[PDB]
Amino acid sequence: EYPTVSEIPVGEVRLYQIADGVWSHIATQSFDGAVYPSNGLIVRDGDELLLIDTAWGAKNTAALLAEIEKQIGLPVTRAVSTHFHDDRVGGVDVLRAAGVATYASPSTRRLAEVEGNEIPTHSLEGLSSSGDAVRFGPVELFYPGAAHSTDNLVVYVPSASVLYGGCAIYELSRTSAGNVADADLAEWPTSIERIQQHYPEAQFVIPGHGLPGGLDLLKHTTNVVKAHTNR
């Protein structure tokens, strides 16, 4: 029932209800002649919504907002980008022009600036050291350490036991490493270990791209990363 890469045409956005007031949003994008899926999260915050990550681009993000307006009908007041790559911050300008307050760690904002990507406005405090956790409305933000990127955060929704690992977590069908240009391969397994240590009760784990599963995705990503390490 979860929408796959092949069912979403580029430009469109699907929403998937996970629990009471917890959705993921799924989009697609073309890169080097191939089509990739991309996940984000939507968490109800009273009568407002917390957005996790853009839909990979200005066009997709504008369509994500229109789809939230149509399907949920509650305002997105804040948004967090979980690291600095285009699939997480591409569309921040759209969010900001819509009146959304955009957030990311100081590291993420700096790395986005250096990369020439869109820069979230607000700086998240309390996430400077590996293992740091901070509450942000209806979710907990967690810096597990460097993994897919030095700045990657993961998001936990306590009300529904939903762990959003972002691009630090691979889907099961991905058996080889993606683009690891900005990754810390040496530390990636340890960082996943921290996620496991801090959210062992997680029932529903969302990767940055592809289908969700359980906590098996953590060990799965460790296997792929270590396999790539021995390439």
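For every residue, the number given is its place in the sequence shown, counted from 1.
As recorded in the PDB entry, 119 to 127 is the stretch of 80 to 88 and 119 to 127 with the greater mean C-alpha temperature factor.
Set 71 to 79 against 102 to 110 and average the Cα temperature factors; 71 to 79 ends up higher. Highest CA B-factor among the listed residues (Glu187, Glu193, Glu171, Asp182): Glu187.
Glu201 sits in the middle third of its chain by CA B factor, as recorded in the PDB entry.
Among the modelled residues of its chain, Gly208 has a C-alpha B-factor that falls in the lowest third, as given in the PDB entry. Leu217: CA B factor lies in the middle third for its chain, per the PDB record. Ranked by Cα temperature factor within the chain, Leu95 sits in the lowest third according to the deposited record. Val139: CA B factor in the middle third of modelled residues in this chain (values from the PDB entry).
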